[PDB]
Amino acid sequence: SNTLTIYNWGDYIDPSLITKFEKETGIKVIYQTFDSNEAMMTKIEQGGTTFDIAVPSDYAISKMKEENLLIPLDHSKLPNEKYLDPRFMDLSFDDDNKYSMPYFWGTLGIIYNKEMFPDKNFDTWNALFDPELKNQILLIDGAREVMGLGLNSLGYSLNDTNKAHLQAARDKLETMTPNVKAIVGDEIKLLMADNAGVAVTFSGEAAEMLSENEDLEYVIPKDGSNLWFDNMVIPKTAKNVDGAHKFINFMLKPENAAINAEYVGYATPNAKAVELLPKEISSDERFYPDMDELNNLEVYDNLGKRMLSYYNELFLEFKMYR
């Protein structure tokens, strides 16, 4: 058809690139946001003819593969793939990029106000359980994120499928509850803006936050955290498959990738776009770390429908205690 329907995370594109795309292709873009991979998957699983593009994380791509929910990409319609950094390609969630193309990548970490907590060390997930942090923490509303930090706080993998370990992680996270002001998503950056003094959320949200408030700092705990990749896919709900390839190729153009990274604040996977960014952005090693610095991070795995649903049930219980 002549309409393209995009499903993406909240606060995760420069709207001016959608305008630019529409003007350049004559395609009309419809754009719906989601707040988690779990919400996105639920909707895509209902089927019908809905979305031409979705932007799932790593494990969700592998899960959507398992469910036969993705359309293989025509790489001949994607010549801008050559500009991507190969370190972000051919990763185990989507071998040979058969189904997906890198959008943004990042980490998970702690954003804290250095003036509020000058005596604290957020180098460990265990700093978050300090009883001086009563009602101080804004936690990302994400099951893999929060179960993962609970597991990591115990010294376990964020992909642990030992049920005894998962129950231990839920019990641990219960002990954090007095320190939790709210469990929220995109609101965090606004709630922390200097218009609670600790947040756990994604690197790009932290980049935006730190740029507006000098007193904030972002640290990735040294006892392990998450490294993630969000990639564009064409779900089987698609009607405008050609248009979808056009959008993907458009977003792989370096000037578009640079504009997007500059506006949104997340790290680009596009090796030519990095050059186009202002050096104050690209030189920031909290957001553009050296690959050695990432050697203690773990990428979420698709644990299967049953175990992923159990993570979701445990996270929901944590959410309900309070």
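Quick note: we count residues from 1 along the sequence shown, nothing fancier.
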*Relative to the deposited sequence, how many residues with no modelled coordinates occur between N195 and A196 (none, 1 to 3, 4 to 9, 10 or more)?*
1 to 3
*When the C-alpha temperature factors are averaged for each of 232-240 and 78-86, which stretch ends up with the higher value in the entry?*
78-86
_I need to verify one thing: averaged over C-alpha atoms only, is the B-factor higher for 204-212 or for 100-108?_
204-212
*Per the PDB entry, maximal CA B factor within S283, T42, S57, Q32*: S283
*In this PDB entry, which of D123, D94, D186, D141 has the top CA B-factor?*
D123
*What third of its chain's C-alpha B-factors does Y7 belong to: lowest, middle or highest?*
lowest
_Is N37 in the lowest, middle or highest third of its chain when residues are ranked by C-alpha B-factor?_
lowest
*Quick one: classify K28 as lowest, middle or highest third of the chain based on its Cα B-factor.*
middle
*Name the third of the chain's ranked CA B-factors that contains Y266, choosing lowest, middle or highest.*
lowest
_Modelled-residue ranking by C-alpha temperature factor, third containing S225_ = lowest
